[PDB]
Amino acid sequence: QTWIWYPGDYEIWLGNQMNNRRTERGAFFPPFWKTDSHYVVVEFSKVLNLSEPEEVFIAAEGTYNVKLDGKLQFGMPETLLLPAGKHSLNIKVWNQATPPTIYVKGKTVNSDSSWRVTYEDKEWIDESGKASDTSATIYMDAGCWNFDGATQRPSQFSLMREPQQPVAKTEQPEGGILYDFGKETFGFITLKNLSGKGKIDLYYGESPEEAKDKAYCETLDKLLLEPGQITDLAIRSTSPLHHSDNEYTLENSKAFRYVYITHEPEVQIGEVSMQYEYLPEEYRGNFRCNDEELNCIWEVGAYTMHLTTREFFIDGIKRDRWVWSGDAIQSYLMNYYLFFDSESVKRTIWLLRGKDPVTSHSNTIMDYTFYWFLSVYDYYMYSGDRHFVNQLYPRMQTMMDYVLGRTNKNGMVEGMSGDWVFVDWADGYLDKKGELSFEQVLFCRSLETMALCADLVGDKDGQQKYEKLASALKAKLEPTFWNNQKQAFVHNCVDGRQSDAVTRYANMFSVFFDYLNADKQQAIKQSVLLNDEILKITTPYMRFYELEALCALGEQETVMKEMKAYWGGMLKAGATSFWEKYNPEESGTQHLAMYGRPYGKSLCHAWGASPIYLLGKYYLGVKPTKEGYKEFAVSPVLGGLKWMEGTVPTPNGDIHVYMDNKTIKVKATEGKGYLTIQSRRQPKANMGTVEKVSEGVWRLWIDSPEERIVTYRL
C-alpha cells in the first residue's frame, strides 16, 4: 500500500510549492506563466471480490466520506470491515489546501495505482430512488510515489538534509564575515549560539563578488534577533530561541558558495554552518578516461545535475529555480546516463504540462512546447513506461490542439501574439519573425512523436491525423528552407523569402532527427557544423545539440577538443558547477553578468552539464533501440582518448563498457543488442560471431549478461 491521488495533481501542487520558493533580494517570485491547481474534490474507488472478510485502515488528507456498495458510512471512519464477496469501495475527498489523497491498508485491500479516480462521477438519484447510469464516467488509474507509511503524509514531503561546515571565513573591512563553503552548494544557513539583539543580514553569492555586493546580489535574508526569539523579516516568521545553547536554521533554502554576513553591534553569533539539502540519488551512471580534465568535467557535470535534481528537475539553483521545458528535456537525457530517476522525470513532465485549458505554449515558449512532446517519447524509449504515456495522452492531445489551431497557410508555425520564440541566448543576433526552419523541424518532430504516442495508446484516428500532418510538413522542409548555394538550411523564411542568414540550429537537429540524407548531412558538416563563418553558440544548452550532431556524424575527436576547451574553460575560470551561459571571449566579472544585472547569470544550470549525455551516449556509445532497453545498441568511440570506462543504467540492469586502442569489453545485464566495432580487419570475439556490416565496420550480437571481449585495430 501507498498514498494515492489523482495522477499529476500531486506533482502540480508540489511543483507550485517549489517554484514559488524562488526569491529575488527577499521577494517571493512565482512564475510569469499560469499556475495550475489540483482538483479539490476527487473520488477514489475500487471494485472488490473478497474470499474472506477483512478490515481496512483508512487515512486521508482532507475532508472525506466512505461509501460501501452505495451506502454512505457515518462521519470519517478510520477503519471499515469489508464482508466477503463482491463490493464497491468509494472514498470521495475534498481538499483545497493540499491535494486530496488517501491511504488504505488491509490484508488484500490496499491503496495503489490499481485504484480508479475521477473528479466527476455524475451519480444522481431519480425521484423513485433509482441511481443514474454512470457507465459513461471517465476514470484514471490513481497516481502515487513512495509514501508507503501511514504517517508519511504526501503534503509534508521535504528533501534530505546533511550538516556541512564552511572551509573558510574572513572578516571584511566594511564589517561582517565572508564565509566560503568551498564550492557551489545549496541549503539552509544555521546560526549556532545567538545572543544579544538586533539585525542580522545575509548576502548570498556564487562568486565572492556577488556575496560582497549588498546592493546587487541576487538573493539575501534579513533577520531580527531578540531575547528568546529571532525573526525572518522577509517572510515575517518568528521562531523561539533557548536562552542557553540555541540554534536557528533559516526556513528557506538558498543556492550559494559564499555567504557574507553582517549584524548590528549588540548581536553575537557563535557558529555559522549549513544544512545541505538534496534528493537521495544513486549514481548509477559513471565515466572516466585517461584525460583527467574530462574526468573532472564529468564529475562537475554530475554535481551540477544533482544540485538541479530536487523535487523536480530545475533550470538553476540560484536564479529562477523553476521547471523549464528546454532545460528539463536535457535533464531527463543526462539523467538516463547518471541517476536514471524515472520518478523525477514523470513528475517534471506532469508539472510542465499543467492543466487544461491551454492558454499558451510551455513556459510561453513555442519551441518549449515541442520539447515537452519529445521528452515523453524519449522517456518511453528509455524506461518502457507505457502506462505513463497512456495517462498523459489526453493532455498531450489538447496541447497539440492548441498548436494546430495556430499554424499558418503553409501549415507551419509563426510566433503569434503572446508567444516567445526563444531558440537560444544568441546575444540578439537571431531573427524571430516568419517561419524559422528550426521551429518547423521541432514541430515536425512533435507531430511524429504524437503519431508514435497515439499508436502506443491505441488512438488510431489521432495517429492517422498526426501522420498526415507530419508527412506534409516534412516534405516541405527542403523545398522551403534548403539552399543549394549555401548547402544548408537557411535561418528563416519571411513571406516565402529565404534569409541570407544561416544558423546552425535547424541544421544540427536535422542530423540527429535524420531529416537529411547521407549526402546533405555531410554537406551540413562542412558548410555549417565545422564552418566558423556561421554564428557560434555561447550556451552549454545548444552546444549539447551542436556537439551531438557532430557525434552522430562520427566526429568524436573534434567534439573532445570542443568539450575540453569549452567546459574545461569554465573550470579554469573557477567553476565548481557549470553555468547557464559561457562566452570564452569574455573575462573576469563579465562571466557573472546576465539579464542586465552584474550577477544575474546562474553559475549552476542543469543545462551546463551537457558532457554527461554526450559521453554516455556517444563515447561509451550506449542507447536503447527498443523501449526500456528491451533491445540496445553499443557503439563505443574513443575520440582521442586512450582508454575510457563506464556504466549506463537501464530499468532493471546496466551496460558496462570498456575500451582502449585494441580491446573492447561490454557487459549488458538487461536486453540484447549489437556492439558495433570500427576496425581495419575483422575483430575477434570471445563469444558469438563477428559479422561485417560494411567497409571497416563490424557488429556482434550480445544476448546475455555474460561479459563480451573483442580485440580490434582501427
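A residue's number is simply how far along the shown sequence it sits, counting from 1.
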query	finding
Stretch exceeding the other in mean C-alpha B-factor - 293 to 301, 178 to 186	293 to 301
Stretch with the greater mean C-alpha B-factor as recorded in the entry, comparing 153 to 161 against 367 to 375	153 to 161
Per the PDB entry, maximal CA B factor within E585, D401, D356, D424	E585
Top Cα B factor in the deposited entry, candidates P227, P100, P611, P479	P227
Third assignment of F28 from its chain's C-alpha B-factors	middle
Position of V42 among the chain's modelled residues by C-alpha B-factor, lowest, middle or highest third	lowest
Ranked C-alpha temperature factor of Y139 among modelled chain residues, by third	middle
Relative C-alpha B-factor of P598, binned into the chain's lowest, middle or highest third	middle
Chain third (lowest, middle, highest) by recorded CA B-factor, residue given as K409	middle
